[PDB]
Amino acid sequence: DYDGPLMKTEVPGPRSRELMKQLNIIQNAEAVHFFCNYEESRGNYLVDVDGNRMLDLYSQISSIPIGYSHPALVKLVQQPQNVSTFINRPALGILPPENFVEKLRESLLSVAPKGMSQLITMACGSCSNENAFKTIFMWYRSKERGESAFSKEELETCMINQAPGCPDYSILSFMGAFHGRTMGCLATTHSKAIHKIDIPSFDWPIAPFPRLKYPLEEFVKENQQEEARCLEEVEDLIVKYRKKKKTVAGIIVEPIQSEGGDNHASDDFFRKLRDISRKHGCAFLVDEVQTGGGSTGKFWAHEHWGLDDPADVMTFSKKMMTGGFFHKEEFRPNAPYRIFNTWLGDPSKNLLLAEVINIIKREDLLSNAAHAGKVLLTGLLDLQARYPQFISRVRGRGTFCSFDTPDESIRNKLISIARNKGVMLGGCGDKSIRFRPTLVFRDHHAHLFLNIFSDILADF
């Protein structure tokens, strides 16, 4: 792709600021950071409307899998036979296209997690998780009622939002979690107050997620004890909510908590959590919406746990272009029209995804993520050694890396400075800086960032 970044103005520049003013008329546009020229963007480089070309290590909140304007995807749109897929969107649940199954074989089914033979598609991460919740609730009621018909009382009360038709079951989630913002998802989200405030919720159990101490090899015992404490509280919560007649039907967790501030835990913790879930008859729901797609060095991050039975349900979106969830055969809905909506994804996204997965495989991009990520993490550890007054808790897996700054203002200042220097970084939590490079992020991009950021720290 491009050789390096190229800056012409401060960001946002005059043209971005004019467009931001226009947009702010019709909606709150305070979140916009600048306007983009995607036609001129290529690979790891994002071009804005003021002609600035920045190395993008945020990749549209970790949703761009193989870079901007990838030539393989360009070729797809150029093919006359693919026109119909872009302009004839089906109600997939009732009238799928002829190639629906074969395109699924070329894409999502070719990367199915272990033990999960079932797949339903969805259009985003939020309806992926919402429908995973519903799939779990249905499965749990199925266990309880066995091979029996719905009762007349259930059929009548569910229509008016009452038990027993509408059970008071719960999903257990973790502090620091982010699972989406529709009202079901939002109940399991515990990232920032501004995400949650003034919105009605569910009285569902909330467990602590381990806060590891760094550097890791100095706090081995403390961290295992921290993880042990959290696992105990999960089990206590499950028991407590069963007593409250609010049975925990499932547990949802991210393999790495993203929006909450890139919180990591050992593979051992997740294996033990998986066991706790099974032990109490809770469905284990793993949210790979952000970790999925290969940046951790394996296609799904949970693959690092080395389990033949990693989970019951697994959701995905972002890098996968389409959303959806894999699940075990036993979680298959017993009747149609229970897990359903108009579009259930989009065949055009499946078309693109199939080519993305082909590229990832052909070009060995999973291995590349591991390699480039190590270069990045090693460099971050060096800068942490050299600038302890600015950098701490350097952590990561693959390119999925992050570190903390002393406070929020410094975090924001560093991001602002880096952006004007031609590097786009993301923030998470109060004072963390995170990396979500696309999968065509290579060694030399890592070296480029490190050398730019090193100069930034020296001048800071």
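Rigid core (definition): largest C-alpha set, two forms, superposition within 1.5 Å. Numbers for residues come from their place in the sequence shown, where the first is 1.
After superposing on the rigid core, the larger RMS C-alpha deviation in 5 other deposited structures of this protein belongs to 147-155, the other candidate being whichever of 147-155 and 252-260 remains.
Across the two stretches, 167-175 and 129-137, the PDB entry reports the greater mean Cα temperature factor for 167-175.
Higher average CA B factor: 213-221, of the stretches 70-78 and 213-221.
Highest CA B-factor among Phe326, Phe299, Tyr387, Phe284, as stated in the entry: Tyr387. Note on the listed residues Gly292, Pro97, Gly379, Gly93: the highest Cα temperature factor in the record is that of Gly379. Ranked by C-alpha B-factor against the other modelled residues of its chain, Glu30 falls in the highest third.
Split the chain's modelled residues into thirds by C-alpha temperature factor. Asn24 is in the lowest one. Among all modelled residues in its chain, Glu39 ranks in the lowest third by Cα B-factor.
Remark: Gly250 belongs to the lowest third of its chain, ranked by C-alpha B-factor as recorded. In the deposited entry, the Cα temperature factor of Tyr241 places it in the highest third of its chain's modelled residues.
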